[PDB]
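Reading the structure
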Amino acid sequence: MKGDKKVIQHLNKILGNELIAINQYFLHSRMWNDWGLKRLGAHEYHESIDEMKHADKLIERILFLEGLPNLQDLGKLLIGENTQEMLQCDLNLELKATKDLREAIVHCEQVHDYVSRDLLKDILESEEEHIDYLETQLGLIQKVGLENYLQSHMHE
Amino acid sequence: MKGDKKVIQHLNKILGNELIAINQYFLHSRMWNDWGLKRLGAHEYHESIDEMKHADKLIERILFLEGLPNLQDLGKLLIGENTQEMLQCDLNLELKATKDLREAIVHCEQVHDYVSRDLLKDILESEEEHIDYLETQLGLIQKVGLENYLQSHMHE
Amino acid sequence: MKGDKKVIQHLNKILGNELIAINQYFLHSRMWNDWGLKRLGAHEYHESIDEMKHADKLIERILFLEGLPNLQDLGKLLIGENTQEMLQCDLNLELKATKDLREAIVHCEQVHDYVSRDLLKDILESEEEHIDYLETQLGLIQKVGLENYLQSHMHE
Amino acid sequence: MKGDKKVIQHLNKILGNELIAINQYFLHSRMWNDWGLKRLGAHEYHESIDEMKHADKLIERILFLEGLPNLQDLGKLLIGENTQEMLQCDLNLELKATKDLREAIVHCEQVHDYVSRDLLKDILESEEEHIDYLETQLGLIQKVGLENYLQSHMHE
Amino acid sequence: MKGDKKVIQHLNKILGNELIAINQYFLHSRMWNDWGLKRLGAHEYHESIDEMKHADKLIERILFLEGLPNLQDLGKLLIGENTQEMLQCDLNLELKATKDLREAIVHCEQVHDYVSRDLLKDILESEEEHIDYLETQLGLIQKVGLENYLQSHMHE
Amino acid sequence: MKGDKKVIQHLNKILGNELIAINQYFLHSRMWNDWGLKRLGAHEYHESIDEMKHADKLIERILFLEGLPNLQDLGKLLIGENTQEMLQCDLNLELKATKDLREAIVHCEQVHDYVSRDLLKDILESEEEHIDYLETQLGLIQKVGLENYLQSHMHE
Amino acid sequence: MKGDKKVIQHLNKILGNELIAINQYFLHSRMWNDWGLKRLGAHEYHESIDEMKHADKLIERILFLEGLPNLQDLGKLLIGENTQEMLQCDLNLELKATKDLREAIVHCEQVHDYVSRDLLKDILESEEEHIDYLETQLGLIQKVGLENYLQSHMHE
Ligand code: HEM
Ligand code: HEM
Ligand code: HEM
Ligand code: HEM
Ligand SMILES: O=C1NC(=O)c2c(NCc3cc(O)cc(Cl)c3)cccc21
Ligand SMILES: O=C1NC(=O)c2c(NCc3cc(O)cc(Cl)c3)cccc21
């Protein structure tokens, strides 16, 4: 079904954000695992998986709309060097992601692509859940201290 | 069954305390969940539900006694800004509650409303168990330290 | 995540409506149970529980957006004195609630808070189901007569 | 299998009748559900489903006989404005339906299309059971009164 | 264990009320069954059984306190001749019975027979549950009308 | 609940489209079954059923909004004469249907009937799935050839 | 455990190849699904997953050996425009991957990193299986014809 060119461009922009997040969250997960922080490693793995699922749906939607999904262009990974930085890099990525999501929803609405909007809204709900998680972790580091915080994420 | 007017006033006073506590504990529970202190949030949720059940039984007793239950006149919620203060706000509300319970029981006994007395005594037992919980948490904060206490309440 | 100030104000207004409904439906339920109209009492109890679940989600969303949920202010309960009046009181409350939900949705849309919009839309669907139930009961009273209507709501 | 042209015309007329009845019964069912008369709504739904199954067998038979099933021409729906009229409208439709079925069976017999006769006889048995139901409901309205009759059809 | 002479007189007074109630409710049950009001009959049967159980516990307590249970003196049965009258006779009996239970409890408290008081408090809770049932039935008769009320009690 | 008059007009137009689709898909299904293309027949049968369910929800919504569902007017069925034409006929109908759904959604949004909008969005999601199916079948005919395409749809 | 610098460079180069393959196979999978070639889509999806698992193990080895996994640099995807091209593009990528795997194994053997060699040998075995699958498909297209080949890959 011939989709709107600018909707397809927005969907590819969203997909690009997801493809960064897949790699960033996966590397962070494996870094936390390598350091023995397996509860962080496991949770971050699941966040990577969720972004893979979102990317799948974006790819399927773009193809349905007779556009070309762009898996070639990979933007900049925001990789941290310690736990606090890694969590803040994830949060910085997610805040960029939700901005792009809202702007894409605006355009979907304007051209009456209500199904694409609904997909983007569902992704937006998942990204906001991830922001909640990250902001919560950063706060917990302040409330319990970093040493306790890391201790609590050693074991699953 | 036509009840004693002052018994009904006492029951409405106890009901009004339960209505305060329902909201205060519910909000405290949600705050703790939002901060990632999910063990506190779940416990405080169960306290809120327990107060809901007491409010139900009071409403039912008042109507049996041909009174008008008063769910309109909400008193002041004691909301803290940190865990220590929230625990102390809960404890302060519970001391007011048990004082008012004792006085209502005195009056039930005087007018021979032994069934209302038995209900209030059961509520009093529940509120004293809540006081023991609160006093114990405030004591653990001293013994284990605030950061450890919070760390032990991150996960359910 | 820092939410829009007016969204949080709209969310607290919807919550304020839900807090009224919880108490109004819970009281109506227990009055119907006291009168032996147990099917009305049970249905109205589930209406109250559903408002409780809505208030929960509103509180959780307000806190995620870094607002302060307002459980202190309680508006006017519309308590009827008989079954026709109680049903009409519930319907009056619900029509005010849905007016406020639509105005809140408009504003969420304009500030691109599509997740809050989705929450409010789900609450609105539930409120329109309750309106359908209420209008149907009022119509049944006309079709079968008040004495039959009440007879049919004696047993659960 | 090339069938008799007049038989096919009869089958298309009966199909026409079933198509009216599908839509009339489905609308009546949903009106009754909207009014809170769920037992009537459910029974009328099942009547609609039964006519849908008859239309399916007529369509299949016409196609086997190398005719063109006519799903395009929809005759007049008889929609009531209250229960009493709705039942009589269904009954008026059924009486037309059975008169046409009998004339079709006569023609099937004359041209030795004994299988089409058997299909039509089975549909006729279904329509006579529907007439039995409808006559019985209208008799019950007289015996128990309209308010009782309607009361008895509120719940499933 | 030697009991207080006046407590034992109070226990025998309450026993005498239960013994009246056993027979009045049993006969009312069986009258209602004979009339085809089987839901009233079954419920009144269970009220009789509950009174039998209270009488058992009272007999048992009196004998432990080395008194003589008086099963000889049977007070006046209040036997109605129609449903509304029967319920009012049960209610009248229950109000006399709860008056006596309150007076007996006062004296147990005075002489420190706190186990006997607790037994009597349990019995009083059951009698106040029965008062609630009776008052509700009489109210229902007014709200749905006698003919409907009886109709709803033909079948279990 | 008093619906917007123009929303109700839109809902009746979408309902009108669904009623065409029910009949067209049902007839196409039974043609495919008569020709021995049972997998196409069963798939198209399920498309018809899906449209019946949409029609049901529209009828229910219209009645709730105190409008009159129009089941009397039946637009033009697009009946193909072979498999390729039948699929393209279905696709032409779906493309009209989604255009009308988008226009209906626009109006629902502008008058704040967000629940009607949500219903229509869910139907649009189902219609866009049906467009994907149809486009895919027509593309498969080109990729595997008509004879293989039909062969692959002989058996369920 | 500090690893050999060039071993790690070899591992990051194999990882780069796997990252290309992940995206190339996932896009090809979703293209085939969009075209209705669901058996090809499913198989190509599992090929993508298996490269994902290979990339995970490579990332985990690199981190253990105290190197930095490079998920930032993404080589050239070879995307076909039809089934035959897509299979050949996959095969071209696999032939490059196996050449790079052999050279890496040579180096691991020379510096005695036997565990890295064993990991790469396992990956090589999987890639040779993929080569086998791809050459076989290309051969089948010649043997059965493209239309039959595609036909056989419509349905899982
Ligand atoms: C801020 C106001 C309130 C909130 C946010 C709230 C929240 C909740 C929630 C989330 C539940 C559990 C529902 C479920 O099972 O999913 C619940 C249950 C319940 N609520 Fe409330 N509630 C409120 C006020 C009240 C009040 C005022 C009453 C009584 C007057 C009440 C009576 C009950 C009862 C009896 C239950 C059943 C609990 C059980 O037995 O499991 N609630 N409430
Ligand atoms: C009019 C006089 C009475 C009648 C007609 C009557 C009738 C009955 C009946 C029909 C049952 C059910 C037995 C069964 O089928 O298993 C029963 C149970 C019983 N009755 Fe009576 N009864 C009478 C008096 C009494 C008295 C005076 C007492 C005690 C002093 C008593 C104590 C009990 C007890 C303890 C049970 C067992 C209840 C249970 O646990 O189910 N009854 N009676
Ligand atoms: C107003 C138009 C129609 C409406 C609203 C309607 C509605 C429905 C509904 C709601 C169902 C149940 C679906 C499910 O939950 O599984 C159904 C089933 C069915 N419909 Fe219709 N329908 C319509 C017209 C037709 C027509 C014209 C035909 C055939 C010519 C038909 C044939 C069928 C059949 C065969 C079934 C399955 C019944 C069974 O065996 O259980 N419908 N319909
Ligand atoms: C275009 C980029 C990618 C897409 C679209 C994608 C998609 C998917 C999907 C749909 C799943 C299945 C999730 C589920 O339903 O359970 C999955 C699983 C997985 N992915 Fe990815 N992925 C991508 C990139 C990556 C990368 C870069 C890695 C690691 C380097 C990776 C590692 C994994 C792993 C380990 C699994 C679990 C598979 C299993 O064992 O079942 N993926 N991916
Ligand atoms: O309700 C209808 N039923 C039909 O059959 C029909 C049409 N016919 C198309 C057709 C299909 C064939 O295989 C063969 C022929 Cl000659 C015709 C057209 C409009 C409406 C209807
Ligand atoms: O397709 C149709 N849908 C309808 O509603 C309808 C009719 N309506 C009768 C009616 C029912 C009411 O409750 C109230 C009114 Cl004033 C009218 C009549 C013919 C055809 C149709």
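Its PDB header names X-ray crystallography as the technique used to obtain the model and reports a resolution of 1.9500 Å.

Description of the overall build of chain A
From N to C terminus, chain A includes five helices and zero strands. Tracing chain A from N to C terminus, the helices and strands come up as α-α-α-α-α. The principal-axis extents of the C-alpha atoms in chain A amount to approximately 55 × 25 × 25 Å. The contacts in chain A between residues at least 6 apart in sequence include a share of 79% that link residues at least 24 apart.

Here we look at the relation of the copies chain C and chain D
Superposing chain C onto chain D takes a rotation of 90° plus a shift of 0.1 Å along the axis, which leaves an RMSD of 0.1 Å. This pairing of chains is accounted for by a four-fold axis. Closest approach to the rotation axis within chain C is made by the C-alpha atom of C:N148, at a distance of 5.2 Å.

Notes on the relation of the copies chain G and chain A
Once chain G is rotated about the relating axis by 180° and shifted along it by 0.0 Å, it coincides with chain A to within an RMSD of 0.1 Å. In symmetry terms, the pair is related by a two-fold rotation axis. The position closest to the rotation axis in chain G is occupied by the C-alpha of G:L74, lying 3.6 Å away.

Some details on a negative patch on the surface
Residues and elements named next belong to chain G. Side chains of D50, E129, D132 and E135 sit close together on the surface and give a patch of like negative charge. The leading source of residues in the negative patch is helix α4 (residues 114–144), at three residues. Relative to the helices and strands, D50 is located in helix α2 (residues 38–64). Judged by relative accessible area, which is 30%, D50 ranks as partly exposed.

Some points on the coordination of the iron atom of ligand 1
Taken together, B:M52 (SD) and C:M52 (SD) make up the full set of protein donors to the iron atom of ligand 1, lying 2.3 to 2.4 Å away. Taken together, the six donor atoms coordinating the iron atom of ligand 1 and their angles of 82 to 179° define a geometry best described as octahedral. Of this pair, B:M52 sits in helix α2 (residues 38–64) while C:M52 sits in helix α2 (residues 38–64), each in a different chain.

Let's talk about the environment of A:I22
Mapped onto the elements, A:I22 comes out in helix α1 (residues 5–34). With residues near it in sequence (within four places) discarded, A:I22 still touches A:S48, A:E51, A:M52 and A:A55.

Side note on the packing of aromatic side chains
Residue and element names in this part refer to chain C. For the structure on display, the rule yields seven aromatic pairs over all chains. When the ring of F26 is compared with that of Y45, the centres are 6.0 Å apart and the planes differ by 65°; the resulting orientation is edge-to-face. One end of the pair, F26, is in helix α1 (residues 5–34); the other, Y45, is in helix α2, with 19 residues separating them in the sequence. The partly exposed category is assigned to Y45, whose relative accessible area is 27%.

Structural notes on the packing of helix α1 (residues 5–34) of chain F against helix α2 (residues 38–64) of chain F
Residue and element names in this part refer to chain F. Contact pair α1 / α2: the axes reach a minimum separation of 8 Å and the direction vectors enclose 160°. On the basis of their axis angle, the class for α1 and α2 is roughly antiparallel. Crossing of α1 over α2 shows left-handed handedness. Broken down by class, the residue content of the contact of α1 with α2 amounts to 17 nonpolar, seven polar and seven charged.

As for the interface of chain C and chain D
Across the contact, eleven residues belong to chain C and ten residues belong to chain D. Of the roughly 950 Å² buried at the junction of chain C and chain D (both faces included), carbon and sulfur atoms supply 55%. Taken as a group, C:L140, C:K143 and C:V144 account for 47% of the area that chain C buries against chain D, more than any other trio of residues on that side. For the pair chain C and chain D, the number of links is six residue pairs in polar contact. Where the side of chain C that touches chain D is concerned, the elements lending two or more residues are α4 (114–144) and α5 (146–151) of chain C. With five residues, the single largest contributor to the side of chain C that touches chain D is α4(C).

Side note on the arrangement of the chains
For chain B and chain F, which are not in contact, the least C-alpha distance works out to 29 Å. With no contact between them, chain E and chain G keep their nearest C-alpha atoms 57 Å apart.

Here we look at the nonpolar core
Of all hydrophobic cores here, the largest spans 301 residues; its most connected members are A:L120, B:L120, C:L120, D:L120, F:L120 and G:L120. Those residues within four positions of F:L120 in sequence are excluded, and the remaining contacts are F:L11, F:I14, F:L58, F:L101, F:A104, F:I105 and F:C108. In terms of nonpolar packing, the next biggest core, distinct from the first, is built from 22 residues, E:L58, E:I59, E:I62 and E:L65 among them.

Observations regarding α1(C)
All names here are of chain C. Taking 1.5 Å per residue, 30 residues should reach 44 Å; α1 reaches 44 Å between its end C-alpha atoms and fits that length. For α1, the capping residue at the N-terminal end is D4, with a side-chain oxygen 2.9 Å from the backbone nitrogen of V7. In the segment just after α1, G36 is the residue with positive phi, at about 80°.

Focus on the site of ligand 6
Taken together, the residues surrounding ligand 6 are D:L27, D:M31, D:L77, D:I79, D:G80, D:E81, F:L68, F:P69, F:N70, F:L71 and F:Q72. A distance of 2.9 Å separates an oxygen atom of ligand 6 from a polar atom in the backbone of F:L71. Within the contact set of ligand 6, an oxygen atom lies 3.4 Å away from a backbone nitrogen or oxygen of F:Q72. Contact with the protein chains hides 67% of the accessible area of ligand 6, taken as 470 Å² for the molecule alone. Each residue belonging to the shell around ligand 6 can be placed in one class, and the counts come to seven nonpolar, three polar and one charged.

Let's talk about the site of ligand 5
Ligand 5 sits among D:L68, D:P69, D:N70, D:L71, D:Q72, F:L27, F:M31, F:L77, F:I79, F:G80 and F:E81. More than one chain reaches ligand 5: its neighbouring residues belong to chains D and F. At 2.5 Å from a nitrogen atom of ligand 5 is found a main-chain nitrogen or oxygen belonging to D:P69. Here D:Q72 contributes a backbone N or O atom positioned 3.4 Å from an oxygen atom of ligand 5. Residues that form the shell around ligand 5 fall into these classes: seven nonpolar, three polar and one charged.

With respect to the side chain of F:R102
Within the fold, F:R102 resides in helix α3 (residues 83–110). Of the residues examined, F:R102 reaches a relative accessible area of 17% and is grouped as buried.

Comments concerning unusual backbone geometry
With the exception of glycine, the majority of residues adopt a negative phi angle, and the majority of peptide bonds are in the trans configuration. Its identity is not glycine, yet F:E66 carries a phi of approximately 70°, on the positive side. Position of F:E66 among the secondary structure elements: in the loop between α2 and α3.

Considering the UniProt feature "domain: Ferritin-like diiron" in chain A
Feature annotation in UniProt assigns "domain: Ferritin-like diiron" to the following positions: residues 1–145 of chain A. Strand forms 0% of residues 1–145 of chain A and helix 80%; the C-alpha atoms that close the span are 54 Å apart.

What to know about the interface of chain G and chain A
When the parts come together, some accessible area is lost, and that loss is often what is quoted as the size of the interface. With 18 residues of chain G at the interface, the matching set in chain A holds 18 residues. Listing elements by their share of the side of chain G that touches chain A, those giving two or more residues are α1 (5–34) and α2 of chain G. When residues in the side of chain G that touches chain A are grouped by element, the largest group, six residues, is from α1(G). Per-class residue counts for the side of chain G that touches chain A are ten nonpolar, three polar and five charged.

Some details on the environment of F:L120
Residues and elements named next belong to chain F. On the secondary structure map, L120 appears in helix α4 (residues 114–144). Judged by its relative accessible area of 0%, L120 falls in the buried class. Sequence separation between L120 and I14 is 106 residues, and the spatial gap between their C-alpha atoms is 8.7 Å.

Analysis parameters
Note on numbering: positions run from 1 along each chain as its sequence is written and may not match the entry's numbering; residues without coordinates are not listed. Chains and ligands are labelled sequentially in the order written, the chains with letters from A and the ligands with numbers from 1. Taken together, the chains in view make up part of a larger assembly, and the values describe this part alone. Calculated side-chain values reflect all of the structure's heavy atoms, with hydrogen atoms and water omitted. Residues with missing side-chain atoms are left out of burial classes, side-chain pairs and their counts. Secondary structure follows DSSP: runs of H or I at least 4 residues long count as helices, runs of E at least 2 residues long count as strands, and numbering of each begins at the N terminus. Working rule for contacts: check all heavy atoms of both residues, and any pair within 4.5 Å makes them a contact. Each copy is laid over the others by a least-squares fit that uses only its C-alpha atoms. The patches described consist of residues with a relative accessible area above 30% and no salt bridge, like charges being joined within 9 Å and nonpolar side chains (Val, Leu, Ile, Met, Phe, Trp, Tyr) within 5 Å. Accessible surface area values rest on a Shrake-Rupley calculation with a 1.4 Å probe, where residue burial reflects the displayed protein chains alone. The term salt bridge refers to a side-chain nitrogen of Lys or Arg lying within 4 Å of a carboxyl oxygen of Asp or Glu. The charged-residue count follows a simple rule in which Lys and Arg add positive charge and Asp and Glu add negative charge, with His and chain termini not counted at all. Charge placement uses NZ in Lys and CZ in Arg. For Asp and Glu, CG and CD serve respectively. Exposure is judged per residue with a 1.4 Å probe applied to protein chains only, and the accessible area is read against the type maximum: over 50% gives exposed, under 20% gives buried, and values in between give partly exposed. Metal coordination here is assigned from N, O and S atoms located within 2.8 Å of the ion, or within 3.2 Å for Na, K and Ca; omission of water means that sites may look incomplete. Irregular is the label for any site that misses the other tests, which are tetrahedral for four donors with all angles between 85 and 135 degrees, and square planar for four donors or octahedral for six when opposite donors exceed 155 degrees and the remaining angles lie between 65 and 115. Pairing of aromatic side chains here covers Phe, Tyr and the six-membered ring of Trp, requires ring centres within 6.5 Å, and sorts the geometry by plane angle: under 30 degrees stacked, over 60 edge-to-face, intermediate tilted. Under this scheme, a helix contributes an axis fitted over its contacting stretch, all axes are lines through C-alpha atoms, and angles between N-to-C directions fall in the 0 to 180 degree range. Angle categories: roughly parallel below 35 degrees, roughly antiparallel above 145, roughly perpendicular from 65 to 115, and oblique for all the rest. Note on convention: the crossing is left-handed when the near helix lies turned anticlockwise from the far helix by less than a right angle, right-handed when the turn is clockwise. Side-chain classes follow a simple rule in which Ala, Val, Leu, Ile, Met, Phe, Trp, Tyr, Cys and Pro form the nonpolar group, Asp, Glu, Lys and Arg form the charged group, and the remainder, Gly included, forms the polar group. As used here, buried area is the combined drop in accessible area, with a 1.4 Å probe, of two parts when they are placed together. Identification of polar contacts relies on pairs of N or O atoms within 3.5 Å, with a donor-acceptor requirement for protein atoms, meaning one able to donate a hydrogen and the other able to accept it, and with residues adjacent in sequence counted only if both atoms are side-chain atoms. As used here, the term nonpolar core means buried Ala, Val, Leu, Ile, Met, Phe, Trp, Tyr and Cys residues forming a set that is joined through side-chain atoms within 4.5 Å. Expected span, for any helix, means 1.5 Å times one less than how many residues it has. We define proximity as follows: a residue is near a molecule or strand when any one of its heavy atoms falls within 4 Å of that partner. UniProt positions are given in the numbering used here, feature names are shortened, and annotations may be inferred rather than shown by experiment.

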